[PDB]
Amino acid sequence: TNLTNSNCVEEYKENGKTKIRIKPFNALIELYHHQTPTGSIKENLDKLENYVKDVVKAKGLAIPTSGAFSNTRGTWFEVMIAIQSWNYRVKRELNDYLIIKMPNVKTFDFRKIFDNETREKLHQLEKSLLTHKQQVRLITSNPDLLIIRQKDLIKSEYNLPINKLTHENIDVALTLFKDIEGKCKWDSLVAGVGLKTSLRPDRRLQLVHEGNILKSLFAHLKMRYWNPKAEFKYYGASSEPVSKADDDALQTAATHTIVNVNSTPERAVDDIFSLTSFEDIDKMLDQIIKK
């Protein structure tokens, strides 16, 4: 029913030529006026894709490249993760936890969620490193998902579940990091998750390096604040089943932990998850938060 009428695609001109752009968020709202995504993640994504593909055809428009689509599925996946996480802390009644969907480091460096005291220590570290004949640099990135535990960060609005997608609750789920900017105590993060389409070599390596970068950063903070009990775990979540070969490889030791006999041995990536269904998201978070 009336597709030449969908808004999941838009025409626009650039240099007098007409181009077509997909509108991922309108696609979501249009297909989720009464429920949130359930069952197979890949199935919900294929549906959204085909939906946009049907709308393009009914409008007799130029068809978007595989690229445009591969990118849109990512934006949809990001929204799915964010929404599920938002409803997870609600149904699990985790009043002291925030599971935030983070954008890329250039959009909003997650480090900005840290309070002033913590950021100054990291800034002092950076300045220290960059002050050497041969320049060394502290380069960090953003985990796709952050699990934070700090009761005072919880607003009552966060406790209302999302039963259907709207421009408003989607925007709120994707800009949650803005509410806690500069408010997080360094030891309030409990974990970070790197979400990958698959464990293809390059993507598996990204999990490994990111885990080393973030965990060592936290280890540095533990020495600055002299808090041996502070803990930060880093996880990986693949959209494809995980093979033993990849699982084996994701057992690699965090490099900063093999130079001091007093540090507990630990992997760069504490564990790897396979997300097929939305329930797999809840299961992953269950293992991450506790038990």
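Note that residue numbering follows the sequence shown and begins at 1.
- For the pair 246-254 and 49-57, the mean Cα B-factor is higher in 49-57.
- Averaged over Cα atoms, the B-factor as recorded in the entry is higher for 156-164 than for the other of 156-164 and 211-219.
- The PDB entry gives the largest Cα B-factor of the residues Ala237, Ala68, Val261, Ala230 to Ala68.
- Ranked by C-alpha B-factor against the other modelled residues of its chain, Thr118 falls in the lowest third.
- Among all modelled residues in its chain, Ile288 ranks in the middle third by Cα B-factor.
- Placement of the Cα temperature factor of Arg200 within the chain: middle third of the modelled residues, per the deposited record.
- Among all modelled residues in its chain, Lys101 ranks in the lowest third by Cα B-factor.
- Compared with the other modelled residues of the chain, the Cα B-factor recorded for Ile281 ranks in the lowest third.
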